[PDB]
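>
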Ligand code: CLA
Ligand code: CLA
Ligand code: CLA
Ligand code: CLA
Ligand code: CLA
Ligand code: HEC
Ligand SMILES: CC1=C(/C=C/C(C)=C/C=C/C(C)=C/C=C/C=C(C)/C=C/C=C(C)/C=C/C2=C(C)CCCC2(C)C)C(C)(C)CCC1
Ligand SMILES: CC1=C(/C=C/C(C)=C/C=C/C(C)=C/C=C/C=C(C)/C=C/C=C(C)/C=C/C2=C(C)CCCC2(C)C)C(C)(C)CCC1
Ligand SMILES: CC1=C(/C=C/C(C)=C/C=C/C(C)=C/C=C/C=C(C)/C=C/C=C(C)/C=C/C2=C(C)CCCC2(C)C)C(C)(C)CCC1
Ligand code: OEY
Ligand SMILES: [Cl-]
Ligand SMILES: [Cl-]
Ligand SMILES: [Fe+2]
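Chains as they are written, first to last, in the numbering used here: chain A, 95 to 428; chain B, 321 to 762; chain C, 9 to 35; chain D, 184 to 220; chain E, 61 to 197; chain F, 9 to 252; chain G, 8 to 37; chain H, 280 to 376; chain I, 794 to 850.
#1: Here's the rule: buried if 16 or more other CB atoms are within 10 angstroms of the residue's CB, otherwise exposed. What is residue 189 of chain F?
#2: Would residue 419 of chain A pass as an interface residue toward chain F - the criterion being a Cβ-Cβ separation below 9 angstroms?
#3: Can you tell me whether residue 247 of chain F is helix, strand or coil according to DSSP?
#4: Give a yes or no on whether the minimum CB-CB distance between residue 204 of chain F and chain B is below 9 angstroms.
#5: Using beta carbons (cut-off 9 angstroms, strictly below), is residue 271 of chain A in contact with chain G?
#6: Among F:26, F:161, F:102, which one has its Cα closest to the Cα of residue 209 of chain F?
#7: Note down, in chain order, each residue of its chain lying with its Cβ closer than 6 angstroms to the Cβ of residue 392 of chain A, except the 5 sequence neighbours on either side.
#8: Please decide whether residue 839 of chain I counts as near chain H, where near means a Cβ-Cβ distance under 9 angstroms.
#9: Are there any heavy atoms of ligand 12 lying less than 8 angstroms away from the beta-carbon of residue 97 of chain F, as far as the coordinates show?
#10: What in chain F is Cβ-close to residue 339 of chain H, meaning under 9 angstroms?
#11: Can you give the Cα-Cα distance for residue 220 of chain F and residue 213 of chain F, rounded to whole angstroms?
#12: Going by other Cβ atoms of all chains shown within 10 Å of its Cβ, with 16 needed for buried, is residue 181 of chain E buried or exposed?
#13: Expressed to the nearest angstrom, what Euclidean distance is found between the alpha-carbon atoms of residue 72 of chain E and residue 119 of chain E?
#14: Applying a beta-carbon distance threshold of less than 7 angstroms, which residues of chain B neighbour residue 108 of chain E?
#15: Taking only heavy atoms of ligand 1 into account, decide whether any of them is closer than 8 angstroms to the Cβ of residue 769 of chain B.
#16: Going by beta carbon distance, what residues of the same chain come within less than 6 angstroms of residue 306 of chain A, once the five residues before and after it are set aside?
#17: Along chain B, which residues have their Cβ under 8 angstroms away from the Cβ of residue 102 of chain E?
#18: Is residue 302 of chain B near ligand 8, in the sense that its beta carbon is under 8 angstroms from a heavy atom of that ligand?
#19: Do residue 132 of chain E and residue 395 of chain A have their C-beta atoms within less than 9 angstroms of each other?
#20: When you compare the CB of residue 234 of chain A with every CB in chain F, is at least one pair closer than 9 angstroms?
#21: Could you check whether the stretch 233-245 of chain F touches the stretch 15-22 of chain F, counting it as contact only if at least three pairs of C-beta atoms, one from each stretch, sit closer than 8 angstroms?
#22: Is the separation between the beta-carbon of residue 115 of chain F and that of residue 74 of chain F shorter than 9 angstroms?
#23: Is any heavy atom in ligand 3 found nearer than 8 angstroms to the beta carbon of residue 433 of chain B?
#24: Using Cβ-Cβ distances below 8 angstroms, what residues of the stretch 308-332 of chain H are close to chain E?
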């Protein structure tokens, strides 16, 4: 009946259309801040001197960008890893030129996404569920941390974090391949396996369940109406699905335990994306993909090129051109 | 009812066997420390820098002041041998005690001795075991103080004349300095505790931590958790494990940044230069070369209009130009002779650069912590030839990986401990599904 | 070689299991 | 290099650090012996 | 193609005498170059001063000509600038400065010949790649 | 009390020129039989004014104020050179060396960024005849060089440059080139600026002087792409004088 | 006109979010 | 009217010899005995109205004058080109390997 | 407009390397009848060996 206890009861209420919770108390403001600043920067922000070389990059729609090319541009290389809130700038004009909004957006977003993962634990506890859905979401979360926070820490500048834009993303990727040879890194290769396999098993599982739907409807209606929300009986025949898939390959290469199957579905892409988040996060410290440049030579010592050396030719052309005005000395050491 | 793949969860309420597991595991850690040091010594060549040799334990011992002399030159390898041997030998004793308690020893303890036996829900016994280890930890931190002040000192990369082993006679005690570090921002130019840049602060903080840990050990032996703490935590083995998992994760992330930025307690003489350091060193190298050719590096405008060799930071300091403008917070003993009140002094640059600084810059630039997984040194486009990956990259990446998984382990075990404590970790009771007794959302 | 010592070492583990299995021990 | 009086043990020392890993492998031989109980 | 004695034949001095190395010496020279030199001179460039490479035509125009075993062996003892005007043992590895460059301490006279030999052979095998930099990778 | 680097770092003080005490109203005597040099000249701008284009007939718009957006990166310092005595008792400072340029971009009302190379490169500044003492009424007037804001290697966003880069608009392979000549052919400008240094304080004992400066120069023309603006810069200076 | 078009579509998507969440067909049990 | 002045300069003796008034200092490595000592002196004392002017550099030893004479036919002078001498580009023109 | 014939200062006929369909953009490279490069339009000018100005194309 006390004021605080009533507040605690509303915060943690399972009757709110959207669950709030204690993580929500940090998540709601931080995400609103990031969202509002992003929408405005994406539409109207003036150009940003991302690389600190007084060469501003235009990112917003009103400065001649479309949806594909627009971006909120990372903060200036001259700032490096320094904290640059609004109140550290002589004016909003200065803060805009130097990339202020990128910092505001990504810090609020990393907080709010982190609280988003906590909120998944919290509601799960309020509803009497098992708790590990938040563990599945730590894979995309770790990946966002890697490209917005970890990689800038290792390279010494938020100007090398990933831009908040579609082409900006591609720029990040091409520069990353030139400097880290990420294609040749095992943790990226596991990421592709996590993401190709995820798509594969999504399609497989969806097709096997759909294939063994029990007839409940006429030809003139969507089979979807054969299932009613909250019915106790399963809506497909898992033995028929097992009997099809076990014969498509062989019997013991098929799941008949639904729990093992769905756990498999959870584990494969989650673990693969953990590794690819770790790949970005460890190339942040310049432990790069495999280097086989000139690994094959002949009896005389002539280099015999392989596909790896061709990759390297591509990598070099990305190297020599990126940030074409920003380098004064012969080694791009960071 | 655990499966074989969750088999160690069968030890939760078997204090005797669980003790053997921890002690056997402690043996593995001591074994590796011993075996690895010996492996590194057997491979060590004193004419090469440590960081051209894939060493991570010998630099930890050197940094304590054993085996090294002025400039980090290795003078005596016997202390390295001793540390490995003693660790290796001690692992047999822990190994022995671990397999005895895990196989032959009493399966549970609480019936054999009310002292060593424990119940996870016994908040008093738990905080007493906490207090014991806190005291151990405090003693451990004071050991580092004793070495620093009374048993030879520590390696000081900042020491005058190239760095040297130095005894610490005035450890910093001022709590405004010691805890000032805990309140510095973690961002560029501040860097929280990772910015500690002198052995006086390092030793003084260990005096403090040692006292605080012993104070807290005694505190937790003498008390039981207060009611607000009782109502805030889950009191169970797995919950306790999840708390430590969070803490180790956090500590792992911190150590990652420590080895990457800090060149004081990870001297670059031993570990190789940091990323910022190597990048600064490249700018220094071509400043030096170009000025010998007659270039006026103060007044050279680069392509962008910014200075080619020197420019200003956002707060005015004279700093190296190019991309390394990002690394201007870097401080290192080979560079600081050139700093004046406004940053790099152009008069010192024109007149006072010494050959040893030229050497050190050329060396660090050609040893930047970039390399491939198969230990090809340098940028990803470099051809094979140089077999090198900095110890800093090895130490930073490994511990980021471990720190990340332990955060995942924290989440896994914290959520399970919550669910197990409330009684729905094995699934939803069909006959009593909470959602089915809640009103609909709409 | 070094493969001699790591053979003696690598076989030590499986031999403990083998002896206890063939003596019907607390495995 | 090790001290001369222990030089005989070079090949053993090259192998020692891998030994902890063998404990992990040993755990799976044991579980295979009792049938993953 | 193979590592024939013709390719292993390099000038000994300016007088024009030549010397045929062995395949042992070449591989030994390559290994010692990698140990002592590659961190700055990988592929025959100079990372800390790219204007001066290890191409044979560059070595030839140096004062003391360095495009022969003698000149190269002398250089690893008493390195000078390209015009020979000043000694640079204090900033360049050499036996004269093996105290401040500890990797030079355990190099024998035989080792120098192999290192010099590798430097002279390698452009005969790789051509433009040796000392050409990334353009030829 | 002389501050250390660790006292300065991050305060913004590194961008400020040394001030002189308000008592320092001396005079520094000049012995023409001696030779002198400026050991350090520090210039610190406080105001950036840009001349507007009135577009109409005879109005000639004035200098409007601007906002600095490139932060505390604006001061010239460590400048040195000969301070000569001429056959009429005038003094001429000939700049030799120093950090004598800072790129600056200020923003006008309406959002236009004006970048400029604030500089005193190759400054030659002279006093009136018969000086014999540097006093709190001495004026130096001089001119200096304003090179192109970008130097010759600079590549525009389509890869075009002067000493490097494409020589055409390669994304428009069959477009008519005549309309693109201004943007395809880069040009290195070199213009003169003008500066007044007015001495207001003099420490007779130390040879230190301090005061006020106004300089006029041209902004960036983006290698001939667009016409420059005229820029007025106001600030404070500090110089230290030594017998050569 | 293209900026107006891009922002118009984006705003329509946000309004649709509002209706899809708060004005969904409510799921009813069995 | 709009001409790239560097391209234009390649059509002069600058495009075939070492221009004592414009060429970047790294080009003096192509001839023996010039780099780094004489190259430094040469660049610092530019400009020259004639190739012969370099022999009058105050401080030249008699051997340095002999090296210059040997190489005078590889030298030229053309008008100083601001684009090639500003930014200290005669000491570092941003070209490495 | 007519057939363009290029010649260097020595009267040798030169041949522009034609753009392959793969390339959005292609450098301007002039070869002799044997395929030896004799002229081009350089990107970096400082170490240009083959400029139209130098070769008198
Ligand atoms: C201090 C560390 C610590 C401790 C004491 C525990 C203890 C426990 N955990 Mg936790 N765990 C931790 C860290 C820790 N965990 C971390 C960091 C994570 C995240 C990765 C997890 C994730 C986790 C899950 C998902 C689960 C547990 C479970 C358990 C219980 C059973 C575990 C078991 O039988 O493993 C048996 C051991 C194995 C099956 C071996 C695994 C092999 C690893 C993954 C491969 C590593 C190989 C290595 C990298 C290189 C190999 C090289 C090659 C040459 C061999 C037990 C209470 C289980 C539980 O909830 O029980 C209550 C459970 O389901 N843990
Ligand atoms: C550091 C790793 C570690 C440690 C210390 C332990 C320790 C333990 N485990 Mg776990 N476990 C681990 C990893 C580990 N486990 C992994 C990776 C898995 C997945 C495969 C499991 C799966 C698992 C299951 C399924 C079970 C355990 C159980 C146990 C306990 C009883 C063991 C027993 O009765 O075996 C008897 C085995 C033997 C007698 C075979 C010989 C084993 C000895 C110790 C080999 C030592 C060799 C060494 C070189 C000797 C040197 C001695 C010298 C120092 C003098 C014990 C405390 C059991 C338990 O909880 O019991 C209640 C149980 O049911 N574990
Ligand atoms: C923290 C680890 C730990 C813990 C909690 C225990 C706890 C226990 N053990 Mg185990 N034990 C351990 C480690 C541990 N032991 C090790 C490492 C070994 C191998 C030497 C053994 C070997 C062992 C045997 C053989 C037996 C026990 C028994 C017992 C029980 C009675 C102990 C007693 O009365 O001691 C008496 C108290 C003392 C002797 C106090 C003396 C102070 C200690 C020994 C010196 C402190 C040194 C310091 C900790 C580290 C060394 C320095 C190093 C860093 C260089 C008790 C449950 C007995 C049991 O359960 O029988 C049924 C039993 O028979 N233990
Ligand atoms: C391994 C270390 C350890 C562990 C696990 C514990 C565990 C515990 N302590 Mg003990 N304690 C320790 C060391 C430790 N203590 C030491 C060394 C001292 C001496 C100073 C104390 C002094 C102490 C007192 C005086 C009390 C406890 C109490 C407690 C209980 C409640 C703790 C709590 O609610 O924290 C939760 C923490 C908070 C609610 C406040 C968090 C505020 C932090 C500082 C914010 C910082 C966040 C940021 C990310 C960290 C970066 C650094 C930061 C300073 C900037 C719990 C059993 C209480 C109890 O019940 O004792 C009977 C109690 O009153 N402890
Ligand atoms: C993103 C990381 C994260 C997340 C999602 C969780 C989630 C969870 N934790 Mg863990 N925790 C973490 C990191 C995290 N923790 C770390 C690193 C530590 C060690 C320092 C702990 C220590 C810890 C303990 C000791 C306990 C939990 C418990 C729990 C559970 C209940 C909620 C709770 O008490 O959390 C409290 C929240 C935290 C401890 C930190 C969360 C960090 C959030 C995302 C940011 C908070 C905003 C921040 C204050 C504002 C910073 C900005 C400003 C300073 C500028 C829940 C499953 C409890 C439980 O029931 O376990 C069995 C419990 O008692 N956690
Ligand atoms: C960086 C620390 C270096 C290492 C290691 C080695 N060399 Fe070097 N080298 C370096 C520089 C900066 C220079 C230019 C010196 C100058 O100012 O003139 C050189 C030069 C040479 C040369 C002369 C090249 C020429 O064209 O005349 C030679 C022959 C040479 N260096 C050989 C050499 C050898 C054999 C090394 C291993 C013992 C070696 N260098 C290491 C930088 C560095
Ligand atoms: C329980 C269990 C387990 C675990 C176990 C463990 C983990 C153990 C440990 C143990 C240990 C941890 C061990 C150790 C050992 C050691 C030793 C045995 C030692 C020895 C030493 C020596 C002999 C030395 C010598 C020398 C010298 C002195 C000098 C130098 C050289 C040399 C090295 C030679 C498992 C899982 C498996 C299974 C189940 C159960
Ligand atoms: C040694 C040294 C030093 C020092 C240091 C120190 C002194 C430290 C401190 C530290 C500390 C002092 C720490 C602390 C920490 C804390 C923390 C980390 C916290 C945490 C908490 C938590 C985790 C909580 C949670 C929660 C909540 C929030 C709610 C309720 C529930 C719970 C409880 C869960 C220096 C740097 C000088 C130098 C070097 C050396
Ligand atoms: C230090 C030292 C020592 C010690 C040692 C030791 C302590 C040892 C141990 C050892 C060990 C500890 C060993 C172990 C081993 C093991 C192994 C060898 C394993 C194997 C495994 C396998 C191969 C697996 C398989 C499988 C299974 C079983 C199931 C599933 C599938 C798979 C395939 C995975 C000595 C005395 C020498 C002396 C000197 C020094
Ligand atoms: O890759 Mn290449 O490296 Ca990481 O910095 Mn140096 O250049 Mn620039 O700022 Mn973004 O980018
Ligand atoms: Cl780019
Ligand atoms: Cl650079
Ligand atoms: Fe499903």
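By construction, the Cβ of each residue, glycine as well, lies at the ideal position given by its N, Cα and C atoms.
Result, derived from the coordinates:
#1: exposed
#2: yes
#3: DSSP places residue 247 of chain F in the strand class (E or B) of the three-state scheme.
#4: no
#5: no
#6: F:26
#7: 398
#8: yes
#9: no
#10: Those do not exist, as residue 339 of chain H stays about 23 angstroms from chain F at its closest Cβ, beyond 9 angstroms.
#11: Near 21 angstroms, if we compare the C-alpha coordinates of residue 213 of chain F and residue 220 of chain F.
#12: Answer is buried; the Cβ neighbour count reaches 16.
#13: Spanning the two alpha carbons is a distance of roughly 14 angstroms.
#14: 605, 682, 685, 686
#15: In the structure as shown, chain B begins at 321 and stops at 762. Residue 769 of chain B is therefore absent and cannot be evaluated.
#16: Hits under 6 angstroms: 330, 331, 334, 335.
#17: 698, 702, 703, 705, 706
#18: Outside the shown range of chain B, which is 321 to 762, sits residue 302 of chain B, and nothing can be said about it.
#19: no
#20: no
#21: Contact fails: fewer than three Cβ-Cβ distances are below 8 angstroms.
#22: Between residue 115 of chain F and residue 74 of chain F, the CB-CB gap stays under 9 angstroms.
#23: True, at least one ligand heavy atom lies under 8 angstroms from that Cβ.
#24: 308, 309, 310, 311, 312, 313, 314, 315, 316, 317
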